[PDB]
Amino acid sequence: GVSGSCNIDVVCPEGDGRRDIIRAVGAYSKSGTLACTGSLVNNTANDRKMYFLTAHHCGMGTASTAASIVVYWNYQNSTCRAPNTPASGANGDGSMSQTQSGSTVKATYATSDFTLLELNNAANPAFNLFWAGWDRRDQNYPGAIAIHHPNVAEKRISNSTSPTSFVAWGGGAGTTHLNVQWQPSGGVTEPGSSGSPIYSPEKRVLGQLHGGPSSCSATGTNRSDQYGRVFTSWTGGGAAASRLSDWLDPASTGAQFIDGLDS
């Protein structure tokens, strides 16, 4: 696939130290057509349940559209293309043969823009999947890591080394979203990155991508994106079908944050 040249292949050194969470992220199609990004999340029972977080606005939060999902794992360029060179903006060499079809909806909620799916098939050992931790504490972070499929093309990583801030979707005062500022020549996100996770520096999911003004040519504060918060989604819309808590802490441990689980 093809995406902006400012984007960074995951096999690049920017991925060092992150090779676990890189394996949590997948691209998917909706009714046959490449659509959005999602990622695996761990839960307190540590049971490898195929909980796949994505964004509500991608339209997977109905029984019918969830059934149509095809997820493509390990879809990334074989070699590091140097960021901001035309090599990075050229068609990549990713494989799309590691797939699984079908899911059900566990919860969906428009305000913090989250859908939790459960994939029908248990993890194939050959796909070497990872279930990432999460952090639901009401706070900001000194930076953040995005792993995503821009234009639903080969997997990329984008780093933020600026503090996050709370916003409402659109950028007004609010607390439902995290605002993330990209580096001035670093990776960004692009259509199809929607639903992709944002991770704290400790590699725990904080939210999933709603959208925002970023592109490889964006300057200043337009080089940014907004992520629906796990904090907000935890309580969500006030019942199991519209929140994360029942699914991610089934053991009622009361955990504020957890780490990941390897396959």
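The first residue of the sequence shown is number 1, and the count goes up from there.
Peer 1: Going by the mean C-alpha B-factor recorded in the entry, which is higher: 68-76 or 172-180?
Peer 2: On average, C-alpha B-factors are higher across 172-180.
Peer 1: Out of 210-218 and 35-43, which stretch has the higher average CA B-factor listed in the record?
Peer 2: That would be 210-218.
Peer 1: Take the CA temperature factors straight from the PDB entry and tell me which of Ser97, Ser193, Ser103, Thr108 peaks.
Peer 2: The listed residue with the largest C-alpha B-factor is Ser97.
Peer 1: Would you mind checking which of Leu244, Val11, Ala255, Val25 has the top Cα temperature factor in the PDB entry?
Peer 2: Top of the list by C-alpha B-factor: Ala255.
Peer 1: Grab the CA temperature factor for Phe127 from the record and place it in the lowest, middle or highest third of its chain.
Peer 2: Tercile = highest for this residue's CA B-factor.
Peer 1: What third of the chain, by the recorded C-alpha B-factor, contains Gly61?
Peer 2: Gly61: CA B-factor falls in the middle third of its chain.
Peer 1: Among the modelled residues of this chain, does the Cα B factor of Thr189 put it in the lowest, middle or highest third?
Peer 2: Bottom third by C-alpha B-factor.
Peer 1: Select lowest, middle or highest to describe the third in which the CA B-factor of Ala144 falls within its chain in this entry.
Peer 2: Tercile = highest for this residue's CA B-factor.
Peer 1: Using the B-factor values recorded in the entry, state whether the Cα atom of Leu53 falls in the lowest, middle or highest third among the modelled residues of its chain.
Peer 2: Bottom third by C-alpha B-factor.
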